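Some notes on the structure that comes next.
Neighbour counts are summed over all protein chains in view; Cβ atoms, including those assigned to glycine, are modelled from backbone coordinates with ideal geometry. Where a number appears in this text, it was derived from the coordinates with a stated rule and is not lab data.
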There are 6 protein chains.
Amino acid sequence: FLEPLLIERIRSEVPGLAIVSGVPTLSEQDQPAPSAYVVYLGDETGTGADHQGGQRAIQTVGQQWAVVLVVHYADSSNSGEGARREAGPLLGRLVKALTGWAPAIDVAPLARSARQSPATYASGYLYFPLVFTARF
Amino acid sequence: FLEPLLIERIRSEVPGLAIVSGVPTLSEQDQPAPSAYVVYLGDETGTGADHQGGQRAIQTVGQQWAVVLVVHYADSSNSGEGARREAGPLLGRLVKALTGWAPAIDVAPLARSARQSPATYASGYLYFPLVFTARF
Amino acid sequence: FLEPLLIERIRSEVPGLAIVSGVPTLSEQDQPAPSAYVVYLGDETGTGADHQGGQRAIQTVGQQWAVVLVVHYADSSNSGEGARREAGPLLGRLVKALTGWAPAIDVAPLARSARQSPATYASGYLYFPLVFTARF
Amino acid sequence: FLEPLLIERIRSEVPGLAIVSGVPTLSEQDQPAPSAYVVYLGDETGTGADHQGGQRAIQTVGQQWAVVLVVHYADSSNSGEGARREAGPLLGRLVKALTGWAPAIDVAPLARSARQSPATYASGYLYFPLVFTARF
Amino acid sequence: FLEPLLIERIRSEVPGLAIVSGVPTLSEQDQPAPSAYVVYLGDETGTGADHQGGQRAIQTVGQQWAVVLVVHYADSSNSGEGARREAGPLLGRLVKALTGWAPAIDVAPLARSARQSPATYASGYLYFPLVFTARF
Amino acid sequence: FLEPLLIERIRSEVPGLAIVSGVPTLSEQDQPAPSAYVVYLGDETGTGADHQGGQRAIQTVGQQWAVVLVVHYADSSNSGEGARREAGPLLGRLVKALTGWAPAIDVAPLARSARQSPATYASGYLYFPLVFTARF
């Protein structure tokens with residue numbers, strides 16, 4: 001219950017052309033700019049372990065959080081050259097800022113996943129079903 | 001089955017500009033005032049324990065209850081400065097009045113959660129998936 | 001399979017102004033009169049116990065049945081004074097007539113719940129998620 | 001796989017005024033005649049018992065089948081007098097013809113339920129959630 | 001992965017009047033001809049047995065497949081005489097051609113069910129919820 | 001998280017007449033060309049085994065991926081001659097390129113299924129519910 005203090009800098013208006021898009025199916029044909037395009041998948045819950053405490057019946061609630069990549073630059077049905085090759089550094093930047101960059105945390109792990117996040121394509125332009133953990 | 005006696009003062013017409021809004025997705029762009037914006041999540045049920053009694057097959061039914069924060073003041077895609085920093089006292093007020101302030105209760109715990117209620121943002125303005133327990 | 005014989009008197013046309021309303025979301029703003037406003041929640045089923053018999057594979061089927069309270073008299077966003085305080089006797093009348101007043105019953109318990117039926121408000125006028133058992 | 005031979009007489013055009021109604025929510029206000037008004041609930045399945053055989057992986061499949069009663073004669077919001085009191089013989093006729101009257105059956109029990117079939121009212125005119133077994 | 005070689009003869013344009021109907025609710029009132037009217041129910045899956053192998057994590061997947069009978073000849077709300085009595089040979093033909101007539105099969109059982117396939121009527125003209133297995 | 005490097009060549013614009021079709025129900029009557037027509041089925045997940053590791057709570061996530069075949073050439077309600085007989089080599093090409101052709105993979109098995117992928121027809125022209133594994 002303290003993430004906003006760092007979320008403020010986590011979010012930095014990634015797209016320069018998209019304005020008031022309310023970003024978080026994709027168009028892939030008329031998007032003004034390659035915005036972050038965050039997505040939500042689900043949640044993780046469990047008890048009967050170190051997560052659960054005493055009063056208030058709360059536990060360390062597992063949280064899910066994913067993103068969608070929209071570049072379509074150098075990849076317009078030609079080949080996957082420049083779609084993720086350029087994203088690599090961008091993917092690292094996104095995964096390091098939006099996740100893994102947490103405030104002073106005691107019971108808020110803010111789990112981050114640098115690797116082991118497979119993504120498969122479809123629709124003929126670009127799909128990226130990212131899989132990351134939040135834990136908070 | 002006695003909460004209304006204190007609910008009467010729990011609710012005190014938080015918004016001064018919103019009238020007959022039937023508050024309990026959000027707009028985040030044309031809301032007249034920062035109302036309480038309460039939300040409902042689910043329920044908790046269980047038997048075979050101290051909750052269950054004899055006749056009437058009733059038990060201490062776990063109840064879920066959450067809220068949504070809508071301020072968008074000092075936080076208009078600029079930064080999370082003034083969104084929750086000002087809410088902190090307001091969040092405490094809300095969580096202490098709407099929850100944890102119960103009448104003479106014998107089997108109505110009215111559980112309250114001051115901490116351990118994480119919230120994540122999205123849509124580019126403000127999201128707050130509050131997680132609180134009611135137990136009644 | 002004999003409840004109608006007493007249901008006939010259970011139902012007595014509670015509202016004097018509402019006519020052919022087909023009562024069993026609520027409006028809370030243009031309702032002519034405070035009708036009973038019965039609601040249905042679900043069912044309870046189980047076997048491998050005294051409920052199950054021999055032939056016909058039938059058992060004492062648990063039945064769920066609830067009501068909604070619509071008074072909005074002395075409680076019009078002012079305070080919860082007169083909403084349930086006046087309902088108390090009315091709630092007892094409803095729960096004693098509609099439930100617990102059964103015909104000659106051998107395997108039809110017709111369970112009734114005088115207490116332990118919590119209700120929470122929302123929408124800014126009145127909500128009452130009653131929880132009662134029927135067992136038949 | 002032989003029921004039609006007796007279904008032919010099971011069905012005998014109960015309503016005299018309803019024509020091509022395709023009977024199997026109810027109106028309760030403009031129905032020409034009190035038709036049978038059969039309804040379907042679900043199915044029952046199980047293996048690892050005498051139901052399952054050898055080849056073809058088939059078993060004695062439990063089947064669910066219910067009916068809806070629509071009389072609204074002598075019961076028009078007045079009282080439950082003549083709604084089920086007259087139905088009693090009619091209910092027996094329906095449950096004995098539509099169910100329990102099976103052809104030469106070896107693995108087709110065609111279970112019938114004379115009693116233990118509770119029904120609850122609602123909507124202000126008449127409801128009858130009949131519960132019967134078919135087993136085939 | 002070889003069924004088409006025999007499916008080619010399995011399907012033989014059963015209806016002579018229905019053209020480009022895309023057959024696999026029914027009308028029962030304006031159908032030009034009594035087509036096969038195949039239907040799909042679900043699937044059967046399982047592991048940890050002889051079905052599962054080594055690589056490719058595949059197993060002998062249970063497959064469900066059913067049909068709907070539409071004759072309405074000699075059975076037009078009169079009686080079930082000629083609806084299934086004439087279908088009997090037709091039902092055998094359908095169940096022997098569409099199922100049980102498989103190519104050279106090693107791990108494709110193509111299960112067939114001659115008997116033990118109950119069907120119940122409704123809607124006042126004809127219903128036939130056939131239950132057959134495919135296993136492939 | 002490296003598949004695109006080979007996906008780039010996996011996808012090679014199979015249809016020559018279909019342009020900007022956004023391929024991944026089918027029409028089967030006005031399709032310009034026999035495109036790949038990939039489909040998605042679901043996912044496979046599991047823990048408590050060699051899949052799960054230490055930090056990041058990730059595991060070798062099972063992935064599902066299937067295709068739909070649309071040829072309708074030499075098979076136009078005549079017979080299944082030329083529908084899959086010609087597809088055989090095409091099916092092998094598709095299953096070898098789109099699957100089983102993976103980059104340098106350490107924890108990305110990219111499972112491929114040459115056989116044991118049954119497909120059943122329906123709708124009167126062509127259906128092919130392919131079943132393949134991706135594991136990544």
Could you pull out the residue among A:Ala74, A:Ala36 that is in a loop (DSSP other than H, G, I, E, B), within 11 Å of chain B (Cβ to nearest Cβ) and small (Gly, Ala, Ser)?
A:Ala36
Out of curiosity, is F:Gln116 outside any loop (DSSP other than H, G, I, E, B) and within 16 Å of F:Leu130 (Cα to Cα)?
no
Are any of the residues in segment B:35-51 surrounded by 14 or more Cβ atoms within 10 Å (Cβ to Cβ) and touching a helix residue (DSSP H, G or I) at 6+ places or on another chain (Cβ under 6 Å)?
no
Does A:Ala57 count as at positive phi, surrounded by 16 or more Cβ atoms within 10 Å (Cβ to Cβ) and small (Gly, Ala, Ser)?
yes
Need pairs with beta-carbon distance below 7 Å; first residue within 30 Å of F:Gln52 (Cα to Cα) and within segment F:80-107, second part of a helix (DSSP H, G or I); sequence gap 6+ or separate chains.
F:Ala97/F:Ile10; F:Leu98/F:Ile10; F:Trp101/F:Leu6; F:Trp101/F:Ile10; F:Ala102/F:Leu6; F:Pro103/F:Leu5; F:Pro103/F:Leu6
Residue that is nearest to B:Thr133 (Cα to Cα), among those in segment A:51-69 that are within 14 Å of chain F (Cβ to nearest Cβ), part of a loop (DSSP other than H, G, I, E, B) and in contact with a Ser or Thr (Cβ under 9 Å, 6 or more places away or on another chain):
A:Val61
Answer yes or no as to whether C:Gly46 is in contact with a strand residue (DSSP E or B) (Cβ under 9 Å, 6 or more places away or on another chain) and of a type outside the set (A, V, I, L, M, F, W, C).
yes
Residues that are under 22 Å from A:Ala122 (Cα atoms) and not small (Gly, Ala, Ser), drawn from segment A:46-83:
A:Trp65, A:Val67, A:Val68, A:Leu69, A:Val70, A:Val71, A:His72, A:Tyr73, A:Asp75, A:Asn78, A:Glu81
Among the listed residues F:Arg112, F:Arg93, F:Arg85, identify the single one that is of a type outside the set (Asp, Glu) and either in contact with a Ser or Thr (Cβ under 9 Å, 6 or more places away or on another chain) or under 25 Å from E:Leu41 (Cβ atoms) (or both).
F:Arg112
Quick one: how many residues across segment E:77-94 are within 26 Å of D:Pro15 (Cα to Cα), surrounded by 13 or more Cβ atoms within 10 Å (Cβ to Cβ) and at the interface with another protein chain (Cβ under 9 Å from one of its Cβ atoms)?
5
If we keep only residues of segment F:95-119 that are surrounded by fewer than 17 Cβ atoms within 10 Å (Cβ to Cβ) and basic (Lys, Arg), then the residue farthest from the other protein chains (Cβ to nearest Cβ) is F:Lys96
I need a count of the residues in segment C:120-136 that are more than 8 Å from chain B (Cβ to nearest Cβ), of a type in the set (A, V, I, L, M) and touching a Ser or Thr at 6+ places or on another chain (Cβ under 6 Å).
1
E:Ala18 being among the small types (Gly, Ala, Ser), in contact with a strand residue (DSSP E or B) (Cβ under 7 Å, 6 or more places away or on another chain) and more than 9 Å from chain F (Cβ to nearest Cβ)
no
Return yes or no: is C:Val131 under 11 Å from the mean Cα position of the chain (by Cα) and either surrounded by fewer than 19 Cβ atoms within 10 Å (Cβ to Cβ) or of a type in the set (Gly, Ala, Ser) (or both)?
yes
State all residues of segment F:97-116 that are within 11 Å of the chain's Cα centre (by Cα) and either of a type in the set (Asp, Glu) or under 22 Å from E:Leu5 (Cβ atoms) (or both); if no residue qualifies, say none.
F:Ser113
Looking at F:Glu13, F:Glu3, F:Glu28, F:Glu8, which one is under 24 Å from E:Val20 (Cβ atoms), of a type outside the set (A, V, I, L, M) and either within 9 Å of chain A (Cβ to nearest Cβ) or surrounded by 13 or more Cβ atoms within 10 Å (Cβ to Cβ) (or both)?
F:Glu28
Looking at the structure I just gave you, is B:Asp43 more than 22 Å from B:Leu126 (Cα to Cα) and more than 8 Å from chain C (Cβ to nearest Cβ)?
yes
